[PDB]
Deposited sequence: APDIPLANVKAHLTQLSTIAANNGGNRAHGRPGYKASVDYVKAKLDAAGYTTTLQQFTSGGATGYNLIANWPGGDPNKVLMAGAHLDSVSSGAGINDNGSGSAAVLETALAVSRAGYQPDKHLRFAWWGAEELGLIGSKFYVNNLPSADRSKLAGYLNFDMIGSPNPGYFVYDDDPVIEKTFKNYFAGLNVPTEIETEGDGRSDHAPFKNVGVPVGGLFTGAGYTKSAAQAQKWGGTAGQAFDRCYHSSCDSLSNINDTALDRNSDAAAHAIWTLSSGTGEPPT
């Protein structure tokens, strides 16, 4: 798998930051900052050769969208998917939650194209809307896939809040093979890992799932600061769901590591 360049990930974050600033300060469902986020991501993927689909739905009286991107090629009967919700709460720009996950998945999708990668499993990436309203977008996606298509999913990897300013390195403990893949990646860097989001709808229907997370409103412990650095007794993300979840609410090292891990997993699991 290629190394994902942190600068590129950060450049998407800067774009999302400006979009929020230009649309009232947030990128929430039913507000213009959301649609403007989808437009940016879609434009980057279309230029890269992906086939993109906008799936629209209505929730709480307003229209939301999911953006689905398929990389032409691969076994149609074995699809590996990776996703991240693209909406924020309305208090702010949602840079760490979840511009971090969204930009990492986007840069991994562009890396696929730049590398001319031809995986064995078909690759599909998704950016979910209205996660903050109760996983509405990912639930809509899953509820609307026919049984036959669902049984084609080989796995779903979720990235939600992967750049927390006082980070932990947590791996989802669901499918063991996915889980191991990520653990192994961290082991090679010599970073220890320890064991509410879009993966739920898929897990509920039997699709193997996994993912990475750097921590939210819980307090980092002494032992955790010992293993990862940062500040014990402070939340992993002091600006969770706050107006302060802006560009300076990102820890570059965590973001870079998690982005590279995502690419390593997607390469690894798609072959």
Q) Could you list, start to end, the deposited-sequence stretches with no C-alpha atoms? A) 196-201, 278-284
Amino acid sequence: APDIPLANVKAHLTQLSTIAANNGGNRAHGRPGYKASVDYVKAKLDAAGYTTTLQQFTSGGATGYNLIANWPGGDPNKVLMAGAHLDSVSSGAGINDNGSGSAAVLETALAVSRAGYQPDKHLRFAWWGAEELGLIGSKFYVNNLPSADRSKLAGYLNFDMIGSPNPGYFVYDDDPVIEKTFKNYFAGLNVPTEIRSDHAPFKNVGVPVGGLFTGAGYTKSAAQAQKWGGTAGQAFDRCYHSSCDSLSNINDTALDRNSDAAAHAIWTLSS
From here on, numbers count along this sequence of modelled residues.
Q: Quick one: say whether 202-210 or 56-64 has the higher mean Cα B-factor in the deposited entry.
A: 56-64
Q) Higher mean Cα B-factor in the deposited model: 140-148 or 157-165? A) 140-148
Q) Whose CA atom has the top B-factor in the entry, of 118, 100, 197, 88? A) 118
Q.
Quiz for you: based on the deposited Cα B-factor, which of 185, 71, 128, 172 is highest?
A. 185
**Q.** Lowest, middle or highest third - CA B-factor, residue 17
**A.** middle
**Q.** Chain-relative CA temperature factor third for residue 94
**A.** lowest
**Q.** Chain third (lowest, middle, highest) by recorded CA B-factor, residue given as residue 265
**A.** middle
Q: Check where residue 239 lands among this chain's C-alpha B-factors and tell me if it's the lowest, middle or highest third.
A: lowest
Q. If you rank every modelled residue in this chain by C-alpha B factor, which third holds residue 9: lowest, middle or highest?
A. highest
